[PDB]
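Peer 1: The structure under discussion is supplied below as structure tokens; questions concerning it will follow.
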Amino acid sequence: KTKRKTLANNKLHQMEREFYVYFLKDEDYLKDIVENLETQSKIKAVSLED
Amino acid sequence: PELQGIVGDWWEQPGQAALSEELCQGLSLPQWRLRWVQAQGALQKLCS
Amino acid sequence: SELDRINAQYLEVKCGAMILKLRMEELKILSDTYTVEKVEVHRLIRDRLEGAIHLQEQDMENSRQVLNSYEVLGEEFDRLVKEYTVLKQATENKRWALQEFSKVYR
Amino acid sequence: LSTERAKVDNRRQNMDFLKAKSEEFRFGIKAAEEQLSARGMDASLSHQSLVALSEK
């Protein structure tokens, strides 16, 4: 009951649940998601830098 | 103790420790996780 | 006697309850461990490991077949193998020294 | 006798609740069993088989 609650509360662990899922089913999907999040971080960095 | 092992398995190792760099040569899953940690830490620093 | 009979019947009824609760915990953790995506992903892992390893012991089988084909020739060719290994080890010892001296001269 | 009769009467009251909870938990067991059988669980999808294959 502690570990289920911490899994429900933490989205990082719930995305670790799908890291290898998207890495070993269709690696292009995981690559696109990682690149999209990296470009989102870069866009946010540019926006807060201005 | 078998149920304790089953409890441990889901919590930290759902097929994660079954991968290497030779299988799926492009980049291995720990490297993907490290890149995700770096990018998500950058995003969390920018959001805060 | 009736008191002890009811006591043991209560124990018999109650032990199965926690046994089945143990079964529920094991089955529910097994259900939550692998979702719909994870089962197909692990099946693809089985396919990928099979496809890699069927190449791997094929490569080792080919290597062992090559070694056996060399061993068919006889002990004289084994002596030739040892002799050419010694000659090529000395040859690479001279070659590496020559290359190192050429690199030092540059 | 009075003390043991009180104990076995509490246990005989607990008989029905234990049996009803046993039926509910058996239905939960069957629900978890069909949840497992829908995805097709076996030893191949487990951590141990994949780790053993990666190690060999």
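Peer 1: Take the Cα gyration tensor of the stretch C:16-106, multiply each eigenvalue by 5, square-root it, and list the three semi-axes largest first, rounded to whole angstrom.
Peer 2: After scaling each eigenvalue by five and taking roots: 58, 24, 14 Å.
Peer 1: Skipping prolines and chain starts, which residues have an amide H placed within reach, meaning under 5 Å, of the one on B:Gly15, given they are 5 or more residues away or on another chain?
Peer 2: none
Peer 1: Per residue, what volume in Å³ does the convex hull of the Cα atoms of chain A enclose?
Peer 2: Cα convex hull per residue, to the nearest whole number: 72 Å³.
Peer 1: Something else now. Loop-only trypsin sites (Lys or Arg not before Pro) in chain A, please: DSSP not H, G, I, E or B, and at most 13 other Cβ atoms within 10 Å.
Peer 2: Hits after loop and neighbour filter: A:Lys1.
Peer 1: So what's the angle, to the nearest 10 degrees on a 0 to 90 scale, between helix C:36-72 and the longest Cα principal axis of chain C?
Peer 2: 40
Peer 1: Using the Cα centre as the reference, give the magnitude of the dipole from point charges on the C-beta atoms of the protein assembly as shown (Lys, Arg: +1; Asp, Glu: -1; all else neutral), rounded to the nearest 20 debye. Write out the running numbers ahead of the final one.
Peer 2: Working: 40 positive and 44 negative charges, 231 e Å.
Using Cβ point charges on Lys, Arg, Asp and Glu, the protein assembly as shown gives about 1120 debye.
Peer 1: Which value, in debye to the nearest 20, describes the size of the charge dipole of chain A about its Cα centre when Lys and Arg Cβ atoms bear +1, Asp and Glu Cβ atoms bear -1, and nothing else is charged?
Peer 2: Details: 10 positive and 10 negative charges, 144 e Å.
The calculation lands at about 700 debye.
Peer 1: Take peptide B:25-36, look around each residue's Cβ out to 10 angstrom, count Cβ atoms belonging to other protein chains, and average those counts.
Peer 2: Mean number of neighbouring Cβ atoms from other chains: 3.
Peer 1: Can you run the Rg to Rh ratio on the protein assembly as shown? Use alpha carbon positions and the Kirkwood inverse-distance Rh.
Peer 2: Taking Rh as the inverse mean 1/r over Cα pairs, Rg/Rh reads 1.24.
Peer 1: I would also like to ask the following. Which Cα, out of D:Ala31, C:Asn93, D:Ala52, lies furthest along the positive dipole direction of the protein assembly as shown (beta carbon charges, K/R +1, D/E -1)?
Peer 2: Among D:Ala31, C:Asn93, D:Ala52, the one farthest towards the positive end of the dipole of the protein assembly as shown is D:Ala31.
Peer 1: Using the reciprocal of the averaged 1/r over all distinct C-alpha pairs, how large is the Kirkwood radius of chain D in Å?
Peer 2: 15.2
Peer 1: Other chains' Cβ within 10 Å of D:41-52 residues: what's the mean?
Peer 2: The mean count of partner-chain Cβ atoms within 10 Å per residue comes to 6.
Peer 1: Would you tell me the mean number of C-beta atoms belonging to other protein chains that fall within 10 Å of each C-beta in B:38-47, as a whole number?
Peer 2: That works out to 5 on average.
Peer 1: Expressed as an acute angle from 0 to 90° and rounded to the nearest 10, what is the orientation of the C-alpha long axis of helix C:2-33 relative to the principal long axis of chain C?
Peer 2: 40
Peer 1: Angle check, please: helix C:75-105 long axis (alpha carbons) against the longest principal axis of chain C (alpha carbons), in degrees 0 to 90, nearest 10.
Peer 2: Between the helix axis and the principal axis of chain C, the angle is about 80 degrees.
Peer 1: Please work out the C-alpha center-to-center distance from the stretch C:41-106 to the stretch D:1-53 and express it in whole Å.
Peer 2: Using only Cα atoms to place each centre, the spacing works out to 58 Å.
Peer 1: So if I place +1 on the C-beta of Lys and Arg and -1 on the C-beta of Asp and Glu, and nothing else carries charge, what would the dipole magnitude of the stretch C:7-106 be about its Cα centre? I want it in debye, nearest 20.
Peer 2: Once rounded to the nearest 20, the dipole reads 520 debye.
Peer 1: Too long at a 25 Å Cα-Cα cut-off: which of C:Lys38/D:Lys19; A:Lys1/C:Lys38; A:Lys5/A:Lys42; A:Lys3/D:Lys19; A:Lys11/A:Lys42?
Peer 2: Too far apart for the 25 Å limit: C:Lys38/D:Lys19; A:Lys5/A:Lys42; A:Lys3/D:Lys19.
Peer 1: Could you pull out every one of the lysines with an alpha carbon less than 23 Å from that of C:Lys82, ignoring same-chain neighbours closer than 8 positions?
Peer 2: C:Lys94
Cβ: placed from backbone, ideal geometry, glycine included. Neighbour counts: every protein chain shown. Each value in this text was obtained by applying a stated rule to the coordinates, not by laboratory testing.
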